[PDB]
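Structural features, examined
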Amino acid sequence: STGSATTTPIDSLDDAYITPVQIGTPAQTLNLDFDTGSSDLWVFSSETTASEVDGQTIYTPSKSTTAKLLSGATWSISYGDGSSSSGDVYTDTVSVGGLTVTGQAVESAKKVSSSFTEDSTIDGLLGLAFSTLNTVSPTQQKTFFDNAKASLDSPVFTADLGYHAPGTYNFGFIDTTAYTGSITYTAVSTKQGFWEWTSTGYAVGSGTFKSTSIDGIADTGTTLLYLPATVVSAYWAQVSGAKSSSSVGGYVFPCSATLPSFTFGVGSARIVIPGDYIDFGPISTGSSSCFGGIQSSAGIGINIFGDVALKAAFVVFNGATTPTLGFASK
Ligand SMILES: CCNCCOc1ccc(Cl)c(C)c1
């Protein structure tokens, strides 16, 4: 089997991407944030505290003839950005782009933190990291991809995120018309439950490539590119007037600037992030100070190849017995 679904930016800055997902019988379609950095499929629901729902579409398990309460199961997750959610668990039929899993754990939120409430466009998350990170207790549950894998034509999914435009998540096949050149594959460590890999270096604009190992995670659920402070300083030093602002929370730059590109290595291959992808717009409405798309990972504990990096590539998440990642230009 295969599936194919369009993923759409939630706003004009590409702050996140939503993909429609069918849950239950008859189908209830929710727009979920596919997150290769976590492993829970959780949704706003009829059980979510009412004051914490503000415009999201909810899953109502009592209206699904295939929903079954997973007796005794609870979940609670805290994300690296400080947001969180928790609740109870159903199993139900879940379909993405024509690919169907029966018996998928659907984690129904009783509580969500304020950042989720305040984002009316995200109805929940669909985790695509390794199932070892799933938070359901006392019986850990499998991700949608893990449940589908054995049925897929090939045990893979691909992320093709657009810049200020829709893109595609495919399951079970590699669309050879979606990228240019060849796909370069690179090794993955699953030891921390992430799609963790080692980039071979970077360049800033037309500068010379610096060969250096950068261990990080391919994370579709993180907006920006988080890299070591040395690399990030070298980038922003090429932008007149850019500076790290402790009060704003990262590097800011004059909105009048033309940003240089940023290149990252995948083996001997090179992915080029155009400068425009690194502009996240005014820090507050009407300001002439703009927020940078490349930020330091120093306070995080891991480097993160988030959407800013991944949208510049066609990315293969290869879930074969030994997982790997593939990157192609597009
Ligand atoms: C920490 C990086 N990714 C995991 C959390 O992802 C999101 C996505 C959407 C929203 Cl609204 C929030 C608050 C978090």
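Residues numbered from 1 in each chain as written, not as in the entry; some residues may be left out. Heavy atoms only, no water. Residues with missing side-chain atoms left out of burial classes, pairs and counts.

To continue, consider the domain arrangement of the protein. Assigned domains of the protein: these are domain 1 (5–174) and domain 2 (175–330). Listed per partner, the contact involves 30 residues of domain 1 and 33 residues of domain 2. Secondary-structure elements contributing two or more residues to the side of domain 1 that touches domain 2 are β3 (28–35), β9 (156–160) and β10 (167–171). A total of 5 residues in the side of domain 1 that touches domain 2 trace back to one element, the largest contributor, which is β9. The residue makeup of the side of domain 1 that touches domain 2, split by class, is 18 nonpolar, 6 polar and 6 charged. (Domains from an automatic or database assignment. Contact = heavy atoms within 4.5 Å. Helix = DSSP H or I, 4+ residues; strand = E, 2+ residues; numbered from the N terminus. Nonpolar A, V, L, I, M, F, W, Y, C, P; charged D, E, K, R; others polar.)

A separate point is the nonpolar core. By size, the foremost hydrophobic cluster in this structure holds 74 residues, and its most contacted members are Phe171, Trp236, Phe262, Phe264, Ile273 and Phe327. Composition of this core by domain shows at least three residues from each of domain 1 (5–174) and domain 2 (175–330). Not counting residues within four places of it along the chain, the set of residues in contact with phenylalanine 262 comprises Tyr202, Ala203, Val204, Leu225, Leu227, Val231, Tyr235, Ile271, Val272, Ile273, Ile278 and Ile294. Judged by nonpolar contacts, the second largest core, of 17 residues, contains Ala73, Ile77, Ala109 and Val136. (Core = buried A, V, L, I, M, F, W, Y, C linked by side-chain atoms within 4.5 Å. Buried < 20%, exposed > 50% of the residue type's maximum accessible area, 1.4 Å probe, protein only.)

What follows deals with the pattern of salt bridges. Scanning the model with the defined rule gives 2 salt bridges in all. The residue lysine 311 makes a salt bridge to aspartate 14 at a minimum N-O spacing of 2.9 Å. In this pair, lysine 311 is assigned in the loop between α4 (307–310) and β23 (314–318) and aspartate 14 in the loop between β1 (3–9) and β2 (17–23), connecting sequence segments 297 residues apart. Each member of the pair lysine 311 and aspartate 14 is classed as buried. Notably, a salt bridge pairs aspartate 160 with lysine 330, separated by 2.7 Å at the nearest N-O pair. With a gap of 170 residues between them, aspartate 160 in strand β9 and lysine 330 in the segment after β24 (324–328) connect regions that are remote in the sequence. (Salt bridge = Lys/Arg side-chain N within 4 Å of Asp/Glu carboxyl O.)

Mapping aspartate 81 onto the fold places it in the loop between β5 (68–78) and β6 (84–96). Remark: the alpha-carbon pair of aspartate 81 and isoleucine 300, spanning 219 residues in sequence, is separated by 9.4 Å. For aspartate 81, the side chain forms a polar contact with the side chain of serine 83, separated by 2.7 Å. (Polar contact = N/O pair within 3.5 Å; in protein donor to acceptor, adjacent residues only side chain to side chain.)

Judged by the 2.5 Å criterion, the UniProt-annotated disulfide of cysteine 255 with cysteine 290 is present, its S-S distance being 2.1 Å. Taken as a pair, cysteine 255 in the loop between β16 (250–254) and β17 (262–266) and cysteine 290 in strand β20 (residues 289–292) lie far apart in primary sequence, 35 residues in all. (Disulfide = S-S within 2.5 Å. UniProt positions renumbered as here; feature names shortened; annotations may be inferred.)

Taken together, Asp33, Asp35, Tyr79, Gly80, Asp81, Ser83, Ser115, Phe116, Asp119, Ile122, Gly221 and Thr222 are the residues near the ligand. For the ligand, a nitrogen atom lies 2.9 Å from a polar atom in the backbone of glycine 221. Burial of the ligand by the surrounding chains reaches 85%, relative to a free accessible area of 400 Å². Among the elements of the structure, β3 and α1 (114–117) are those that each provide at least two residues to the shell around the ligand. For the shell around the ligand, the residue count by class is 3 nonpolar, 5 polar and 4 charged. (Near = heavy atom within 4 Å. Areas by Shrake-Rupley, 256 points an atom, 1.4 Å probe, with all protein chains shown as cover.)

Moving on, we come to the packing of aromatic side chains. Here the distance between the centres and the angle between the planes together describe a pair of aromatic rings. Going through the model one piece at a time under the given rule, you end up with 26 aromatic pairs. Both rings, one in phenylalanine 145 and one in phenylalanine 157, keep their centres 4.8 Å apart while their planes meet at 80°; by these two values the pair is edge-to-face. One end of the pair, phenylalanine 145, is in helix α2 (residues 144–148); the other, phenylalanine 157, is in strand β9, and 12 residues separate them in sequence. When the centroid spacing of 5.0 Å and the interplanar angle of 35° are considered together, the rings of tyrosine 179 and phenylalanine 314 count as tilted. Taken together, the residues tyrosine 179 in the loop between β10 and β11 (184–187) and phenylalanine 314 in strand β23 connect sequence positions 135 residues apart. (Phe/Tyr/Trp six-rings, centres within 6.5 Å; stacked < 30°, edge-to-face > 60°.)

As for its position among the elements, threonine 117 is in helix α1. Residue classification places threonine 117 among the buried positions, given a relative accessible area of 13%. Separated by 92 residues in the primary sequence, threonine 117 and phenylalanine 209 place their C-alpha atoms 43 Å from one another.

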